[PDB]
Amino acid sequence: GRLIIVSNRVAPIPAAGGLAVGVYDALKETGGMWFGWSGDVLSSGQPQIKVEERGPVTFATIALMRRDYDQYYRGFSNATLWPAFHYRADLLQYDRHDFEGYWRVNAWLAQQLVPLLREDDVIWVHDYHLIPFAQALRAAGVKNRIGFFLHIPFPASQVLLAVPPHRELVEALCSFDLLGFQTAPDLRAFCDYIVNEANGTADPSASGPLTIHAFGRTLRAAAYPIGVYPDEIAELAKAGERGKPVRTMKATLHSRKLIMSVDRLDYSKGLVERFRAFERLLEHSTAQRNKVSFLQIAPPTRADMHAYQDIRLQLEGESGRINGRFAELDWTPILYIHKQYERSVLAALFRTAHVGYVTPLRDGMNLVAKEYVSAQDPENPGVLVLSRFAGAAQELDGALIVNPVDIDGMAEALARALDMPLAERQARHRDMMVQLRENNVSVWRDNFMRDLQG
Ligand SMILES: O=c1ccn([C@@H]2O[C@H](COP(=O)(O)OP(=O)(O)O)[C@@H](O)[C@H]2O)c(=O)[nH]1
Ligand SMILES: O=P(O)(O)OC[C@H]1O[C@H](O)[C@H](O)[C@@H](O)[C@@H]1O
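Taking the deposited numbering, I'd label the letters of the sequence shown as residues 10 to 22, 27 to 467.
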């Protein structure tokens, strides 16, 4: 059967975002179709699907009308769902008219997909934009198997209650044949809502996935943590070891140690707290001054949204304060760059960084954490400092796990990472590489597809 991937964001045919990276890694091996938004917005006219073969993948993409982009994507998806599911009800905005457009765009996108389907296609929908998609497909006569994978956290039921149409969203989720979440706590939160807010049931099974009964429907649900190709990232990082970015980075640092971060400039990424803990490191450790620099690559994301403009402004003021307090004529403590980089360049740079600094307030998985570890030279690997609220913390035992709210704790982790002896750095890296290898992105895809077809 042909695998049909459905997502809002489709890989570029460099972009920051782990969905596009991970889905493309999975899809290029099996081949199939990738259907979704082209990334373009129309002021007038009519969107038209564009079908194009790129090796084993068929891309089927379509623009959004401005009104659809505003209501479905900027509106309900990123002004309601994204903040709510990342435990930011304070940033949640809700507009009934945007929620209706969100529902309408899902139905319109499903209508665009129907003519391309075949009887034995297997449909795999990805992420929070497309929660109503199975319901729309079924209403359009579609009988294929349909699975869903949520890339972002599934919030605690009490937090989900802040989304006014929470019940309609969860009922729509129950039209899927199979629901996949990143981690066990995500699945637990879903089941907690089903049992305690939807009057349904969630039962274990010998097969693996739970059986869900709710809203008159029966379906399955399980956790499938998205992974990477760790040995592929290692070879990529090694192949850049004599490239210009690594060579100029080395020259600029001239023997100073490097703390490195790579994050869309999203309020979910805890970047203000991250900067404050680097500042706290410098306040308390005079020996670290002029001996380390912090590279934060923070590409623009969703920049036409006030909330993203706000977090950008806050972070830029942080960099100015901290640099102003601690800089010397030959030392800039924080190297803040508000631009996207090629993933191949980031891998090469990860391999030169003594510390990978990944401290999101909430994160469904965080591929950057897995990429940082994968890039390391096993003869001399750096240390991952990792938020306990990143989904990757459930499996990456060799990281230094921190609570991003605890500024002192994060600064102490930075000091511990910078001074960690080789033997322990290697032991942690070795353990994590085993985990990443056994639970790579091919295994993830095979596991979900096995459950969806069974
Ligand atoms: O300039 C950049 C920044 C990030 N990324 C990639 O974007 C992904 C980010 O995924 P992650 O899970 O860390 O976070 P997200 O953006 O999905 O919240 C990773 O594969 C990064 O290598 C990239 O290609 N270029
Ligand atoms: O697609 P954007 O809005 O640019 O955000 C980039 C990506 O961020 C996260 O990874 C989301 O889980 C993806 O669904 C999204 O594609």
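All C-beta atoms in this analysis are idealised placements derived from N, C-alpha and C, irrespective of residue type, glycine included.
Alpha carbons only, please: which of the options is nearest the one belonging to residue i?
{"i": "residue 5", "options": "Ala424, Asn393 and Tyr354", "result": "Nothing about residue 5 can be reported from this structure: the residues present for the chain run from 10 to 467 only."}
{"i": "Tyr82", "options": "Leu94, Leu223, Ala73 and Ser56", "result": "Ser56"}
{"i": "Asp410", "options": "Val15, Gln448 and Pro243", "result": "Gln448"}
{"i": "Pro128", "options": "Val415, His442, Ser357 and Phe48", "result": "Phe48"}
{"i": "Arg201", "options": "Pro177, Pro166, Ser220 and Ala185", "result": "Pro166"}
{"i": "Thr314", "options": "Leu266, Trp95, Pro69 and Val36", "result": "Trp95"}
{"i": "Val285", "options": "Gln309, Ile272, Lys304 and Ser51", "result": "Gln309"}
{"i": "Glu42", "options": "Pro177, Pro434 and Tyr242", "result": "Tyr242"}
{"i": "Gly283", "options": "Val172, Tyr321, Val135 and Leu342", "result": "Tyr321"}
{"i": "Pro391", "options": "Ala436, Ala430 and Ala227", "result": "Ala436"}
{"i": "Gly88", "options": "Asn212, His319 and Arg458", "result": "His319"}
{"i": "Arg79", "options": "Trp457, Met433, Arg458 and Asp111", "result": "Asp111"}
{"i": "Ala388", "options": "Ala426, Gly422 and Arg450", "result": "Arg450"}
{"i": "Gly52", "options": "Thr71, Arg18 and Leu40", "result": "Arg18"}
{"i": "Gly330", "options": "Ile347, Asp343, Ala316 and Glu341", "result": "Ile347"}
{"i": "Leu342", "options": "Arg287, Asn303, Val36 and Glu296", "result": "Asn303"}
Can you give me the start and stop residues for the beta strand (DSSP E) that residue i sits inside?
{"i": "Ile75", "result": "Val70 to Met78"}
{"i": "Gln309", "result": "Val305 to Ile310"}
{"i": "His226", "result": "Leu223 to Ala227"}
{"i": "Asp53", "result": "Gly45 to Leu55"}
{"i": "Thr214", "result": "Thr214 to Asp216"}
{"i": "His139", "result": "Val135 to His139"}
When DSSP labels each residue in this structure, what does residue i get in the three-state scheme?
{"i": "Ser357", "result": "helix"}
{"i": "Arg18", "result": "strand"}
{"i": "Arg315", "result": "coil"}
{"i": "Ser274", "result": "strand"}
{"i": "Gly422", "result": "helix"}
{"i": "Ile207", "result": "helix"}
{"i": "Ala406", "result": "helix"}
{"i": "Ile13", "result": "strand"}
{"i": "residue 1", "result": "With the chain running from 10 to 467 in the structure shown, residue 1 is simply not present."}
{"i": "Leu413", "result": "strand"}
{"i": "residue 478", "result": "No information on residue 478 is available, as it lies outside the stretch 10 to 467 that the chain covers here."}
{"i": "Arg269", "result": "coil"}
{"i": "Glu254", "result": "coil"}
{"i": "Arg289", "result": "helix"}
{"i": "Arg131", "result": "coil"}
{"i": "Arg302", "result": "coil"}
{"i": "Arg463", "result": "helix"}
{"i": "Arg230", "result": "strand"}
Is the beta carbon of residue i sitting closer than 8 Å to the one on residue j?
{"i": "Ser188", "j": "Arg233", "result": "no"}
{"i": "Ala412", "j": "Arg293", "result": "no"}
{"i": "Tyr100", "j": "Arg269", "result": "no"}
{"i": "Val371", "j": "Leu397", "result": "yes"}
{"i": "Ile335", "j": "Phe291", "result": "yes"}
{"i": "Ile13", "j": "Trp137", "result": "yes"}
{"i": "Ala361", "j": "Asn379", "result": "no"}
{"i": "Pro145", "j": "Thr196", "result": "no"}
{"i": "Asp190", "j": "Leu359", "result": "no"}
{"i": "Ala76", "j": "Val64", "result": "no"}
{"i": "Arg356", "j": "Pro21", "result": "no"}
{"i": "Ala406", "j": "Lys383", "result": "no"}
{"i": "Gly333", "j": "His367", "result": "no"}
{"i": "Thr93", "j": "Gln84", "result": "no"}
{"i": "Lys251", "j": "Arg158", "result": "no"}
{"i": "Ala123", "j": "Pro312", "result": "no"}
{"i": "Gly240", "j": "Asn453", "result": "yes"}
{"i": "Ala97", "j": "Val172", "result": "yes"}
{"i": "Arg338", "j": "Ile420", "result": "no"}
{"i": "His142", "j": "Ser220", "result": "no"}
{"i": "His139", "j": "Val15", "result": "yes"}
{"i": "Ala149", "j": "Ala120", "result": "yes"}
{"i": "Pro60", "j": "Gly44", "result": "no"}
{"i": "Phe461", "j": "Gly193", "result": "yes"}
Per DSSP, which residues does residue i bridge with? Please list them.
{"i": "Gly193", "result": "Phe162 and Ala235"}
{"i": "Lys282", "result": "Paired residues: none, contrary to the question."}
{"i": "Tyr370", "result": "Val398"}
{"i": "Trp457", "result": "DSSP, once it has assigned bridges, lists no residue as partnering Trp457."}
{"i": "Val241", "result": "Per DSSP, none; premise fails for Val241."}
{"i": "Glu65", "result": "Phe72"}
{"i": "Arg338", "result": "Answer by DSSP bridge pairing: none, since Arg338 is not bridged."}
With residue i as the anchor, note down where its alpha helix (DSSP H) starts and where it stops.
{"i": "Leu380", "result": "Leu380 to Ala388"}
{"i": "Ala185", "result": "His179 to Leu186"}
{"i": "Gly88", "result": "No alpha helix (DSSP H) holds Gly88; DSSP gives it neither H nor E."}
{"i": "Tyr100", "result": "It is not in any alpha helix (DSSP H) - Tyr100 carries neither H nor E in the DSSP assignment."}
{"i": "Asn119", "result": "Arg109 to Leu126"}
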